[PDB]
Every structure is written in C-alpha cells, then in structure tokens.
There are 4 protein chains.
Amino acid sequence: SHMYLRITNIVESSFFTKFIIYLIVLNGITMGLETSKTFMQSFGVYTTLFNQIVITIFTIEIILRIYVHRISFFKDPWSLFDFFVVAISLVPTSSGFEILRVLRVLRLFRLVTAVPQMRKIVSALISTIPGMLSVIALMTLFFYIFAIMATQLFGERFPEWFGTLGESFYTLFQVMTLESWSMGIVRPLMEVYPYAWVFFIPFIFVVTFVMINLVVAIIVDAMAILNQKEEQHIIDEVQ
Amino acid sequence: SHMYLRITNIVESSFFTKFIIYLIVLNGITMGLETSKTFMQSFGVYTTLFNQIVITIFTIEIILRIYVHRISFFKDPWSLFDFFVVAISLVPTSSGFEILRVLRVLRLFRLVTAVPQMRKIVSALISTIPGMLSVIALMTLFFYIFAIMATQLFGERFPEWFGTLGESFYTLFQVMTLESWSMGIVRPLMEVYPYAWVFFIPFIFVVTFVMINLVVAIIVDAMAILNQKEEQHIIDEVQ
Amino acid sequence: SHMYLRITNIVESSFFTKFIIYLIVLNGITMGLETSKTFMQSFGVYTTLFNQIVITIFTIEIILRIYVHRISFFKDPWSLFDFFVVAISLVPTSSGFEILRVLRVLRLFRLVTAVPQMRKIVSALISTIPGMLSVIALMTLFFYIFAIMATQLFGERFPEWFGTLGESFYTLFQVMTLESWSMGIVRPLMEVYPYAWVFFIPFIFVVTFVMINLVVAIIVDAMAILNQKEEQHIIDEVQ
Amino acid sequence: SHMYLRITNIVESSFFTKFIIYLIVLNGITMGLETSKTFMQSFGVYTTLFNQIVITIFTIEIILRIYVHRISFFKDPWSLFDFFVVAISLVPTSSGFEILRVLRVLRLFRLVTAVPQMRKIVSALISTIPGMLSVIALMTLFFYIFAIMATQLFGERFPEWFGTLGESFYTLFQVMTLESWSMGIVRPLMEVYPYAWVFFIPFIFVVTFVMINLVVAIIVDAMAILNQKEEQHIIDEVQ
Ligand SMILES: CCCCCCCCCCCCCC(=O)OC[C@H](COP(=O)(O)OCC[N+](C)(C)C)OC(=O)CCCCCCCCCCCCC
Ligand SMILES: CCCCCCCCCCCCCC(=O)OC[C@H](COP(=O)(O)OCC[N+](C)(C)C)OC(=O)CCCCCCCCCCCCC
Ligand SMILES: CCCCCCCCCCCCCC(=O)OC[C@H](COP(=O)(O)OCC[N+](C)(C)C)OC(=O)CCCCCCCCCCCCC
Ligand SMILES: CCCCCCCCCCCCCC(=O)OC[C@H](COP(=O)(O)OCC[N+](C)(C)C)OC(=O)CCCCCCCCCCCCC
C-alpha cells in the first residue's frame, strides 16, 4: 500500500521501540518518585501531566501497532498484554474503584514486552508451566479436599483460621510455606484438638513431597530429551 | 457368560466412568457449599439426600466392579482405595466418632482414581517412595534417638515441647522444618540449658544434609540410568 | 590357630550379628519406654538390669571383635564408632556430668553399623562431605568475619543476639535458616541502627547463593563423570 | 632489570605468600579476641600495635606487588580487592564514620585471595552470576513494580512495613524469604484490606517459581553442554 507501508516502516523501526523503551523507563522513574509526598507537594502536577502524555503516546503506539499487525496483534500475548495494561491505564481515576489507579503501574511491565532480552526469559519461565498444569491440578484438588476437612474440624473453635473454606485455603497455603505452621497454627489447634497433628504433619508431607518431585521431574525429564537428542545424533553418523 | 458379560460391557464402558466422574465433580461442589451454613439453612436437606444418593450409586458401582474384576479388584490399589473411601462413607453418622462424617470427603479423591491423567501423576510421585524407604528409615531412627535424648534433657523444665517422647517427636519435626526453631524453641531452651545449641545445630545439620542428598540422589541416580540406556543404544549400532 | 579360629567363626557368624541386631532393637524399645515415668514406677528396675546386661554383652562383643580383627578393628570407622558408643555407655552414672547417662542412647546407632543396608546409605551421604569441605571452609570463614563485624556493630545495644562472638555466630546461623531473620532480628535492629539491612540482606544473599551452588555443583559435577564414563565406553567400541 | 627482578623473585616466592597467609591467620585470631573486652582490658594495646604492624606490612606487600605486576595488578580482581581492603584499613580511626574501623575485618578475606584453593571456589560460585544477571533484572523490576503498588495500597495504614518504597522493598524481600509473611504481615494487612491476599499470594508464586526455574536452568543448561561436548567427542572417532 501507501499510507499503510508508511506507518509500518515507522512502527517496525528501531527508533520506535527505542522511543517506547525510553518513555517506559522515564515513566518508571516517575512512578517511583510519585510515591514520595515531598516530591508530590513540589513537582506534583509535572508528573500527572507527564503520565497523561505517555498514556496517549502508548494508545497511539497501540493503535498504530494494530493497523500494522492486523489479526496477528490480537493473537500475540505480548501485544495482548500491552493492550490490556494501557486499557487499564485509560479508565479514568473517577470511580468507586481507586485500585485501577494503582494498576497503572503494570504499564512498567511493558519493559518486558519491549526488550527482547526479557521476553526470552519470561518465555523460558512460562514454558515450564504447561507440563506442570497436571500436577497443579492434583495439588489444587488436594488443597480443596483438606480445606473442606479443616473447615469442618477446626472452623468452629478457630474461625479466623478455618471458619470458612476460603480461610482454610489461605491457612493451608500458609502451612505449605511452613510459615508459623506449628507455633502459630497447629500448636494452638492442639490445645483444643490434640490429634490435629494427624491432619497437618501428613499435609506437610504430601505437599512438600509433591513440590520436590515437581522440581525433580522438571530437571530429570528435561534432560532425558537432551540425552536422546544426543542418542540420535550419535546413531546418525554410524550409518 | 450372559449376565456377566452384559454387566461387564456397562462397567467397562466410557459412559460409566464418565457418569462417575460426573457425579464426583457434582458431589465435590456439593461438599464445598455444605461448609456454608447460610447454604445449609436454605438448601440443606437437598444435599444430604444428594449425598446419600451418590453413596449408594458408588456402592452399586463398586459392587458391579467387583463382580466384573473378581480377585483383580482386590489386588488393584486404585480399586482398593475406591473401596475404602466408600466403605468409610457408609458407616452411619451415629457414633461416638463424628470424624468419620468428615472422612466422607476422601471420596473426592475418586477423581484421581477415575481420571487416568491424575493416576499417571500419582503413580509417578509414589514411584520415588520405594528407594527412599531406606533413607526414610535412617531418618526415623535418627529422630527416635534424639527424641529420647531431648525428652530426657529438656522435658523436665519444658514439658509442652519435650515432656514426652511424642512431644519431642513433634518438636523435632518442627525443628526440621526450621519453624521458629531458634526464637521459639532453642533460644528459650538456652535460657536454662546454655549448651542446648550443641544439641539442635547438629540436628539441623544432619536432618538438612540428608534431605538435600535425598533429593540429589533422586536426580543423579535417575539419570545414570538414562545415561546407560543411551550408553547401550549407541553400542547397539556399532556392532 | 585353634582358640582364635574358634572365636572367629562365632564373631563372623550370622547368628552373632543377628543376636546383636536383636539386642539393639530390644534395647531400643527399652529406652523409649524408659522415658515414661509411669513405666519407670512399675517396670523400673527391670530395664536398668536389662540395660546393664546389654552393655556387658556389647563389651564382650567388642572384646571378641578386637581379638578377631586386630589392628583392622581400630582402623574401621564403624568399629571405632561401636567402640566409643559402648565406652560412653560404660562410664558409671556417678559423676558431676549426668549428660553421659543420656549419651547412652547413641548405642542405638549400632543398628546402623550392624545392618549393612543402613551402612550403605550412611556411606553414600558421608561420601559427599569430602568435596564440600572446601566450600564449608569458605562459609565458616565468611561466618567468622561477619560474626566479628556483627558483634562490634550490634552487640552493644543488643547483647543477647550479638554481645559476644559466639552469640553472633548463633544469630547469623539463625539468619541463614531465615528463622525470624526480619521480624525477630533485623527489624528490631533497624529501630536503632537503620542501615542494619545493609549488613544482613547481603549476608542472606551470599549465604543462600552459596548453599544453592553447593547443591548444584553436587549434581552437575557428579554427572559429568557419568557423562564421561559413558563418553569412554562409546569410544571403546569404535576402535 | 636489576632491582626490579630482585624484588620480583621475593614477591613471587612461596615464602612471601606463606608469610602473608601466616600474618592473615595471626591477625584473624587477633580480631576474634579483640571482641572480648576482658582480653582488651588485659592484652589490649598488644593488638592495636600488632594490627598497625600488619597494615603497613600489607601496604608494603601491595606496593611491592604493584611494582612487579604493573598494569596487570590494577586489572586483577583479587589484587584490586586486596588493594581496597587495605586502603579501607588505612583511613584513620578518627572520623565521624566509625564504621570504617569495623570494615578493617574485611582484610581477613585476603585469606581467600591468598590461598588458591579458596580462589578456585569463589571463582566457580561467581561464574554462575553472569547468566543470572538477566533473570536478576526481571526480578528486580518485578520487585520495583510491586513495591510501588504496595506502598500505594498499604503504606497509609501500615507505614512501618509499606509507608515508603524502600520499606516496601524490604518487606517484599521478607515475603520472598517467607519470613512471617502471613502471621506477621499479610494477616494483619487483611484485618484492614481483606483482599491483600490477592496481592501477596501471587507475589509469593511468581517470586518462588522464578527462583526454582533459576536453579533448574543452572543445572539443566550447564549439562546440555557436557551432553554436547560428549556428543562431539563421540562423532570425533567414527570419522
Ligand atoms: C520501568 C523501569 C524503571 C526503572 C527505574 C529505576 C530507578 C527508579 C528510582 C526511583 C526513586 C524513588 C525515590 C523515592 O521516591 O524515595 C522515597 C523515599 C523518600 O521519601 P520522602 O517522603 O521523600 O522522604 C522525606 C524525608 N524527609 C522527612 C527528611 C524530608 O526514599 C526511598 O524510598 C529510598 C530510595 C528507594 C530507591 C529504590 C530503587 C529501586 C531500583 C529498582 C531498579 C529496577 C530496574 C529494572
Ligand atoms: C471433586 C472435584 C470438585 C471440584 C469443585 C470445584 C469448585 C467448588 C466450588 C465450591 C464453592 C463453595 C463456596 C462456599 O461454600 O463459600 C463459603 C464462603 C461463604 O460462606 P457464607 O457463610 O455463605 O458467607 C455468608 C456471608 N454473609 C454473612 C454476607 C451472608 O465463601 C468462601 O469460602 C469463598 C469461596 C471459596 C471458593 C474456593 C474454590 C476452590 C476451588 C478448587 C478447585 C479444585 C479443582 C480440582
Ligand atoms: C534401635 C531401634 C529401636 C526401634 C524401636 C521402635 C519402637 C519404640 C517404641 C517405644 C514406645 C515408647 C512409648 C512411651 O514411652 O510412651 C510415652 C508417652 C506416654 O507417657 P506416660 O507418662 O506413660 O503417659 C501417662 C498417661 N496417663 C497420665 C493417662 C497415665 O506416650 C508417647 O510418647 C506416645 C507414643 C510415642 C511412640 C513413638 C514411636 C516412634 C517409633 C520410631 C521407630 C524407629 C524405627 C527405626
Ligand atoms: C583469617 C582466618 C583466621 C581464623 C581464626 C580462627 C580461630 C579464631 C579464634 C578466636 C577466639 C576468640 C574468642 C573470644 O573472643 O571469645 C569471646 C567470648 C568470651 O567473651 P569474654 O567477655 O572474654 O567472656 C568473659 C567471661 N567471664 C565473665 C566469666 C569473665 O567467647 C566466645 O565467643 C566463645 C568462643 C567463640 C569461638 C568462635 C570460633 C570460630 C572459628 C572460626 C574458624 C574459621 C576458619 C576459616
């Protein structure tokens, strides 16, 4: 085309991404100083302006990127993310939900989607999640079953920790982290239900024994592959 | 046969397992809402009925499965488990042991034995336990020896933590998890027995150094096997 | 010889080790019941007798084993251990050091030296220690340097935690375990010395980063060996 | 040359390093006794003298080493370190910064730079840091983004923990270590902001899931290399 390809050469240019990566870091320092109320009393409106500027520059950048990339933009996770963290940044501060004014900061994660060094890492870390979804399901069911049981056993005399399935979910996650599991939870529990240890010591055993085997499988299974991709390139040459 | 093979085609069918997996998830949501007393005041008897229904459907399912599978049912762990978690579900609520009304929830673990994706994981995780039984024994003896020693050294001035072999077992397990081992246990201990650190710092060292080597062996030993199953398939082809 | 070889066939026999392994387990149950004062009020002297019996049986067993094994007994760690844990068991209860009456229990560790299944594990776990001694030295020096620094920085306003090199050693080990390192130690420290985080956050970083690399090296280095013992058996056959 | 090569043979000699390694250990014991005020009341000035001696001996040693090694001394990290930890040791005790009198102890780290066994380890541990710098950056950005968010969400009602970006940095690091993350931080937070768990449970998930994959990558990636350096030496011989 003509106007399309004129835009495309700008969007796909190094200066464009450099300019965005530039603005991202500039806004990043802006949001960190925005925490200090000394700075907000002094250089206050300077940054609300400079924030409102970058938001529209990012909307323009997203609009241009949509015209260039067409359906592929809405099938790219890094683009879909960039879309949503600016869409969040666009909903005005006026609402009965001031938490969206805090979700503004997620637009600093653009420095991941914009810098290909970070994307490579983030992709590598996420790439382990697919196989773990099956083990994640077993653990989530395990948690749900014990959270039912704990709510029924302990939620009566211990409402804060167990009086509700959601609380027992939180508390059991705290037991998984071993955070004050004994002194803070099980030992007070045992002052009323002496056999509560029969519930939690196995829970700590299963939960831990799975987390370990999850990591062990991640290592040993990833490397039977390299031990067969080598087992193949060696039989390649003797034939 | 005739009536046997008529049953077998039903039990071994996809609809049968699908229908059980269906009921399992339905009962799973039932038990989670059963925790809320708002729901139990409203839709209360709806779920006691629907529970009593699924229990008999499961007994029928187990009865049918026993007639089909014969001795192999009572030699299959997944079947033996399904047997016991429904047998637990059958003992009536009337007893001086209301904990069996809570063990009802273990029938949600049927979703493991019924969904072959989960069974594959559970089998993989359990498959590491066999070799660990030898190291588990050494640790359990190590614990027993120190639990004797700790009960004799500290159980006098510190009954809650050490006044009994069982308590010293629990406390030493808490020291293994490092849960408040210093601020909560050893530091108060040292206010009376200044050399208590001579007992626990080595205990933390041995217990940790074994747990690490247990995991390291799980990895390195699992993969000398893949490094010899490859060492074999390479000598295969040069001869 | 004549009387020598008559003894040797007994000592080296299966019944002899079986009889010792038997007595060890019997004494093991004895010491566990010896903790209960209900049992000691009832079956009390029964076990002091039965203990005094096993001690001499073990001395006889050690004496016989010394005559058979000659200098090799005092060059065998399992024998040297069996020697010392019975020698400890022989020093009479009368002393201004009643802790030796508790070290009696270490004679339950004979079940390790007597059962070859356990010895194999204990040997495997200890076999990692040799290479770690070099990294252990660096960490022990690292601890000593910071324990000097912490005693000088914090031992004034905080004697319990840091008022002495030994206490700073203990406290720093507690920081290594992350046991209440922030809420219990560094946060109170920062109420007086606001930059104490500059001391401990790096200490947590170095200490952790070494522990991880210690384990990583244990795995990756153990398995370049299996990756070259295979690299050798493959070049073996193509020549 | 003449005077140059006369110095060089001394500096590069075994006695020279031995004499320094000697003095280092001697000063190491000196600084440990210097903590005891009983010792400082008695043998006090003995060690201030002996310290002032070793400092100049080390300056001489550094001066000689600079004349020998020329530009290579100021391009060697072990030398650059030895330079700085003695330069720190030279700034006189008189200042409004008595912390430099504590940084004297870093001259005990010379025993690392002087003993080639330690240098080999320290080099091996540091050698993992290069590849981790990319993942370290992602985590440091992740921390910065959430530390902004936490300061804005919680710093109002919770100034000690979150009232400042620096405090939220410290607190989030404490949550990463799981040190009292629930009982000490999130549970008090939830007494005011009930959905604070929506902030921290994911933070614990991401932070942990990265730390694990960081270690897993360190292992699995280090050993595709040994699995291709072997994959190469095997194709070497079949051609
Ligand atoms: C998108 C990527 C962008 C990357 C940008 C990286 C650099 C960001 C720098 C931001 C600096 C913000 C400093 C700031 O707000 O300081 C707040 C507080 C001081 O609060 P304040 O109320 O001013 O103190 C008043 C003191 N008084 C009473 C004596 C008048 O003081 C503090 O909180 C202490 C200073 C904390 C600095 C934390 C720096 C974190 C760097 C993270 C780098 C990540 C790179 C990926
Ligand atoms: C066999 C497999 C079956 C899988 C089924 C998965 C889905 C199960 C859903 C169960 C939902 C149960 C909800 C429930 O009971 O909520 C209890 C509490 C509310 O208690 P409630 O007393 O009603 O609150 C009264 C409030 N008031 C005063 C204003 C009137 O509120 C809470 O506790 C908050 C909601 C917690 C939801 C936790 C969801 C966990 C999902 C785990 C999924 C595992 C998949 C394998
Ligand atoms: C050399 C290898 C030998 C291996 C031997 C393994 C078996 C050892 C069994 C020892 C059993 C000792 C039982 C015992 O002393 O119990 C103490 C306490 C009860 O104290 P007590 O003062 O009698 O309670 C009075 C109750 N009252 C007021 C109602 C009258 O009750 C408790 O503490 C509860 C029971 C704790 C049992 C712990 C069992 C640990 C097994 C470890 C196995 C390791 C195998 C390698
Ligand atoms: C460059 C490498 C050099 C390596 C040198 C290794 C050896 C260093 C030995 C230093 C010994 C220092 C002993 C010391 O200052 O003890 C301080 C305190 C006692 O304080 P003090 O105020 O004398 O107690 C008075 C008692 N009263 C009231 C009854 C009169 O008592 C304690 O703190 C207890 C003793 C703690 C000893 C800690 C030993 C750590 C060894 C680390 C080895 C690392 C090797 C790389």
# chains A, B, ... in the order shown; residues from 1 in each chain; ligands from 1
$ residues_near_ligand --ligand "ligand 3" --cutoff "6 Å" --atoms "only C-alpha atoms and all ligand atoms" --output "PyMOL selection string"
(chain B and resi 137+140-141+144+164-166) or (chain C and resi 24-25+28-29+32-33+35-38+108+111)
$ select_by_dssp --residues "segment 43-158 of chain A" --states "helix (DSSP H, G or I)" --output "number ranges by chain"
A: 44-75, 77-87, 98-101, 103-114, 116-126, 129-154
$ interface_residues --of "chain C" --to "chain D" --cutoff "10 Å" --atoms "only C-alpha atoms" --output "JSON list (two decimals) with C-alpha atoms, in the first residue's frame"
[["chain", "number", "residue", "atom", "x", "y", "z"],
["C", 134, "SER", "CA", 36.49, -26.67, 50.73],
["C", 135, "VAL", "CA", 33.20, -24.78, 50.37],
["C", 137, "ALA", "CA", 35.72, -23.63, 54.90],
["C", 138, "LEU", "CA", 34.81, -20.54, 52.86],
["C", 141, "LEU", "CA", 35.39, -18.03, 57.36],
["C", 142, "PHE", "CA", 32.59, -15.87, 55.94],
["C", 144, "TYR", "CA", 33.64, -15.72, 61.33],
["C", 145, "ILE", "CA", 34.27, -12.40, 59.57],
["C", 146, "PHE", "CA", 30.65, -11.26, 59.81],
["C", 147, "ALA", "CA", 30.33, -12.57, 63.37],
["C", 148, "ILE", "CA", 33.23, -10.28, 64.29],
["C", 149, "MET", "CA", 31.55, -7.39, 62.47],
["C", 150, "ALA", "CA", 28.10, -8.06, 63.93],
["C", 151, "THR", "CA", 29.47, -8.29, 67.47],
["C", 152, "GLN", "CA", 31.14, -4.90, 67.02],
["C", 153, "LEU", "CA", 28.18, -3.21, 65.34],
["C", 155, "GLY", "CA", 26.49, -6.36, 70.46],
["C", 163, "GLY", "CA", 27.07, -9.21, 72.55],
["C", 164, "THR", "CA", 29.60, -11.98, 72.00],
["C", 165, "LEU", "CA", 31.25, -13.64, 69.01],
["C", 177, "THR", "CA", 17.98, -20.54, 58.22],
["C", 178, "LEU", "CA", 15.85, -17.38, 57.69],
["C", 179, "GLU", "CA", 14.23, -18.18, 61.06],
["C", 180, "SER", "CA", 12.62, -14.88, 62.14],
["C", 181, "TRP", "CA", 15.52, -13.06, 60.48],
["C", 182, "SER", "CA", 13.45, -9.93, 59.76],
["C", 183, "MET", "CA", 10.60, -9.66, 62.29],
["C", 184, "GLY", "CA", 12.72, -11.10, 65.09],
["C", 187, "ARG", "CA", 13.63, -5.18, 62.17],
["C", 197, "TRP", "CA", 19.66, -4.12, 56.41],
["C", 201, "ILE", "CA", 20.37, -8.64, 53.18],
["C", 204, "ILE", "CA", 21.35, -13.62, 53.28],
["C", 206, "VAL", "CA", 25.81, -14.70, 49.86],
["C", 209, "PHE", "CA", 23.72, -18.22, 46.83],
["C", 210, "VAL", "CA", 26.50, -20.48, 48.14],
["C", 212, "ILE", "CA", 22.37, -23.31, 46.17],
["C", 213, "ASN", "CA", 25.60, -23.55, 44.17],
["C", 214, "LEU", "CA", 26.84, -26.15, 46.65],
["C", 215, "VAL", "CA", 23.88, -28.37, 45.76],
["C", 216, "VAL", "CA", 24.04, -27.51, 42.05],
["C", 217, "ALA", "CA", 27.72, -28.46, 41.93],
["C", 219, "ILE", "CA", 24.54, -32.62, 40.99],
["C", 220, "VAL", "CA", 26.16, -31.25, 37.83],
["C", 221, "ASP", "CA", 29.69, -32.35, 38.75],
["C", 223, "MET", "CA", 27.19, -36.32, 36.36],
["C", 224, "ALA", "CA", 29.88, -35.01, 34.09],
["C", 225, "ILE", "CA", 31.54, -38.15, 35.47],
["C", 227, "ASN", "CA", 28.81, -38.36, 31.08],
["C", 228, "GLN", "CA", 32.50, -39.23, 30.58],
["C", 230, "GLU", "CA", 29.84, -43.15, 29.06],
["C", 231, "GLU", "CA", 31.93, -40.99, 26.71],
["C", 232, "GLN", "CA", 34.67, -43.60, 27.29],
["C", 234, "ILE", "CA", 31.41, -45.49, 23.50],
["C", 235, "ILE", "CA", 34.87, -44.73, 22.10],
["C", 236, "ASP", "CA", 35.82, -48.17, 23.44],
["C", 238, "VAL", "CA", 34.57, -47.94, 17.68],
["C", 239, "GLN", "CA", 38.20, -48.99, 17.98]]
$ residues_around --residues "segment 7-21 of chain A" --least-positions-apart "6" --cutoff "8 Å" --atoms "only C-alpha atoms" --output "list in words"
residues 58, 61, 64, 65, 68, 111, 114 and 115 of chain A
$ residues_around --residues "residue 82 of chain B" --least-positions-apart "4" --cutoff "8 Å" --atoms "only C-alpha atoms" --output "ChimeraX atom specification"
/B:62,78,86,107,110,113
$ write_last_selection --atoms "N, CA, C and O atoms" --output "PDB file, in the first residue's frame"
ATOM      1  N   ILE B  62     -19.213 -50.019  42.917  1.00  0.00           N
ATOM      2  CA  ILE B  62     -18.183 -50.893  43.467  1.00  0.00           C
ATOM      3  C   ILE B  62     -18.625 -52.350  43.391  1.00  0.00           C
ATOM      4  O   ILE B  62     -17.832 -53.234  43.045  1.00  0.00           O
ATOM      5  N   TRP B  78      -5.958 -48.688  43.204  1.00  0.00           N
ATOM      6  CA  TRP B  78      -6.982 -47.694  42.902  1.00  0.00           C
ATOM      7  C   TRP B  78      -8.370 -48.227  43.229  1.00  0.00           C
ATOM      8  O   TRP B  78      -9.237 -47.479  43.696  1.00  0.00           O
ATOM      9  N   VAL B  86     -15.405 -45.398  50.117  1.00  0.00           N
ATOM     10  CA  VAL B  86     -16.856 -45.521  50.074  1.00  0.00           C
ATOM     11  C   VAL B  86     -17.316 -46.320  51.287  1.00  0.00           C
ATOM     12  O   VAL B  86     -18.384 -46.053  51.849  1.00  0.00           O
ATOM     13  N   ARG B 107     -13.839 -39.332  49.499  1.00  0.00           N
ATOM     14  CA  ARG B 107     -14.463 -39.801  48.269  1.00  0.00           C
ATOM     15  C   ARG B 107     -14.317 -38.809  47.121  1.00  0.00           C
ATOM     16  O   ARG B 107     -14.669 -39.147  45.986  1.00  0.00           O
ATOM     17  N   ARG B 110     -11.628 -39.904  44.554  1.00  0.00           N
ATOM     18  CA  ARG B 110     -12.004 -40.786  43.455  1.00  0.00           C
ATOM     19  C   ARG B 110     -11.704 -40.145  42.108  1.00  0.00           C
ATOM     20  O   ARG B 110     -11.385 -40.847  41.142  1.00  0.00           O
ATOM     21  N   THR B 113      -8.479 -41.579  41.026  1.00  0.00           N
ATOM     22  CA  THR B 113      -8.565 -42.952  40.544  1.00  0.00           C
ATOM     23  C   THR B 113      -9.448 -43.088  39.310  1.00  0.00           C
ATOM     24  O   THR B 113      -9.354 -44.101  38.608  1.00  0.00           O
TER      25      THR B 113
END
$ atom_distance --atom1 "atom CA of residue 56 of chain A" --atom2 "atom 21 (P, counted along the ligand's line) of ligand 1"
29.1 Å
$ residues_around --residues "residue 53 of chain A" --least-positions-apart "2" --cutoff "12 Å" --atoms "only C-alpha atoms" --output "short mmCIF file (atom, residue, chain, number, x, y, z; two decimals) with C-alpha atoms, in the first residue's frame"
data_model
loop_
_atom_site.label_atom_id
_atom_site.label_comp_id
_atom_site.auth_asym_id
_atom_site.auth_seq_id
_atom_site.Cartn_x
_atom_site.Cartn_y
_atom_site.Cartn_z
CA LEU A 23 9.43 6.53 27.70
CA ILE A 24 8.86 3.36 29.73
CA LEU A 26 11.20 7.62 32.13
CA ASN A 27 7.72 6.80 33.41
CA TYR A 46 4.50 17.80 36.50
CA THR A 47 4.07 14.02 36.66
CA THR A 48 0.28 13.81 36.32
CA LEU A 49 0.75 15.69 33.04
CA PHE A 50 3.72 13.54 32.02
CA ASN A 51 1.70 10.44 32.89
CA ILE A 55 -0.76 7.07 28.21
CA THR A 56 -1.88 8.65 24.93
CA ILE A 57 1.51 8.07 23.29
CA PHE A 58 1.01 4.43 24.25
CA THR A 59 -2.55 4.42 22.90
CA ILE A 60 -1.22 5.90 19.65
CA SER A 89 -4.32 2.89 32.29
CA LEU A 90 -7.15 4.59 30.36
#
$ closest_residue --among "B:143, B:4, B:22, B:81" --to "ligand 2" --atoms "only C-alpha atoms and all ligand atoms"
B:22
$ atom_distance --atom1 "atom 1 (C, counted along the ligand's line) of ligand 4" --atom2 "atom CA of residue 154 of chain C"
21.4 Å
$ closest_residue --among "C:95, C:168, C:42, C:208" --to "ligand 4" --atoms "only C-alpha atoms and all ligand atoms"
C:168
$ closest_residue --among "D:40, D:189, D:100, D:136" --to "ligand 1" --atoms "only C-alpha atoms and all ligand atoms"
D:136
$ atom_distance --atom1 "atom 22 (O, counted along the ligand's line) of ligand 1" --atom2 "atom CA of residue 41 of chain A"
10.1 Å
$ decode --residues "segment 89-102 of chain C" --atoms "N, CA, C and O atoms" --output "PDB file, in the first residue's frame"
ATOM      1  N   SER C  89      28.889 -45.743  77.148  1.00  0.00           N
ATOM      2  CA  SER C  89      27.899 -46.472  77.929  1.00  0.00           C
ATOM      3  C   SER C  89      28.484 -47.127  79.170  1.00  0.00           C
ATOM      4  O   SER C  89      27.719 -47.644  79.990  1.00  0.00           O
ATOM      5  N   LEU C  90      29.806 -47.119  79.333  1.00  0.00           N
ATOM      6  CA  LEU C  90      30.447 -47.811  80.442  1.00  0.00           C
ATOM      7  C   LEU C  90      30.797 -46.898  81.606  1.00  0.00           C
ATOM      8  O   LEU C  90      30.777 -47.350  82.755  1.00  0.00           O
ATOM      9  N   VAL C  91      31.122 -45.636  81.335  1.00  0.00           N
ATOM     10  CA  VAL C  91      31.408 -44.652  82.377  1.00  0.00           C
ATOM     11  C   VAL C  91      30.216 -44.607  83.324  1.00  0.00           C
ATOM     12  O   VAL C  91      29.086 -44.355  82.880  1.00  0.00           O
ATOM     13  N   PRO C  92      30.410 -44.844  84.620  1.00  0.00           N
ATOM     14  CA  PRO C  92      29.264 -45.026  85.515  1.00  0.00           C
ATOM     15  C   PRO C  92      28.449 -43.752  85.670  1.00  0.00           C
ATOM     16  O   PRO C  92      28.922 -42.637  85.439  1.00  0.00           O
ATOM     17  N   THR C  93      27.187 -43.945  86.063  1.00  0.00           N
ATOM     18  CA  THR C  93      26.265 -42.827  86.223  1.00  0.00           C
ATOM     19  C   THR C  93      26.741 -41.826  87.265  1.00  0.00           C
ATOM     20  O   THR C  93      26.352 -40.654  87.207  1.00  0.00           O
ATOM     21  N   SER C  94      27.575 -42.256  88.208  1.00  0.00           N
ATOM     22  CA  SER C  94      28.083 -41.368  89.247  1.00  0.00           C
ATOM     23  C   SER C  94      29.123 -40.428  88.656  1.00  0.00           C
ATOM     24  O   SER C  94      30.220 -40.858  88.283  1.00  0.00           O
ATOM     25  N   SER C  95      28.783 -39.144  88.580  1.00  0.00           N
ATOM     26  CA  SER C  95      29.679 -38.104  88.092  1.00  0.00           C
ATOM     27  C   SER C  95      28.972 -36.767  88.236  1.00  0.00           C
ATOM     28  O   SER C  95      27.756 -36.706  88.438  1.00  0.00           O
ATOM     29  N   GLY C  96      29.749 -35.695  88.117  1.00  0.00           N
ATOM     30  CA  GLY C  96      29.184 -34.364  88.041  1.00  0.00           C
ATOM     31  C   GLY C  96      28.818 -34.023  86.612  1.00  0.00           C
ATOM     32  O   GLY C  96      28.758 -32.850  86.233  1.00  0.00           O
ATOM     33  N   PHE C  97      28.578 -35.064  85.800  1.00  0.00           N
ATOM     34  CA  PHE C  97      28.231 -34.933  84.385  1.00  0.00           C
ATOM     35  C   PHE C  97      27.200 -36.021  84.073  1.00  0.00           C
ATOM     36  O   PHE C  97      27.524 -37.087  83.546  1.00  0.00           O
ATOM     37  N   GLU C  98      25.941 -35.744  84.415  1.00  0.00           N
ATOM     38  CA  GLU C  98      24.859 -36.686  84.154  1.00  0.00           C
ATOM     39  C   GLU C  98      24.471 -36.746  82.685  1.00  0.00           C
ATOM     40  O   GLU C  98      23.587 -37.533  82.330  1.00  0.00           O
ATOM     41  N   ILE C  99      25.102 -35.938  81.828  1.00  0.00           N
ATOM     42  CA  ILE C  99      24.805 -35.987  80.404  1.00  0.00           C
ATOM     43  C   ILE C  99      25.292 -37.286  79.779  1.00  0.00           C
ATOM     44  O   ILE C  99      24.775 -37.702  78.735  1.00  0.00           O
ATOM     45  N   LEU C 100      26.274 -37.949  80.394  1.00  0.00           N
ATOM     46  CA  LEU C 100      26.745 -39.218  79.854  1.00  0.00           C
ATOM     47  C   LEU C 100      25.696 -40.310  80.011  1.00  0.00           C
ATOM     48  O   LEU C 100      25.691 -41.278  79.243  1.00  0.00           O
ATOM     49  N   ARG C 101      24.799 -40.170  80.991  1.00  0.00           N
ATOM     50  CA  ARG C 101      23.670 -41.085  81.103  1.00  0.00           C
ATOM     51  C   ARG C 101      22.672 -40.900  79.969  1.00  0.00           C
ATOM     52  O   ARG C 101      21.855 -41.794  79.723  1.00  0.00           O
ATOM     53  N   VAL C 102      22.716 -39.762  79.283  1.00  0.00           N
ATOM     54  CA  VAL C 102      21.876 -39.539  78.112  1.00  0.00           C
ATOM     55  C   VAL C 102      22.575 -40.004  76.842  1.00  0.00           C
ATOM     56  O   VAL C 102      21.937 -40.548  75.936  1.00  0.00           O
TER      57      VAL C 102
END
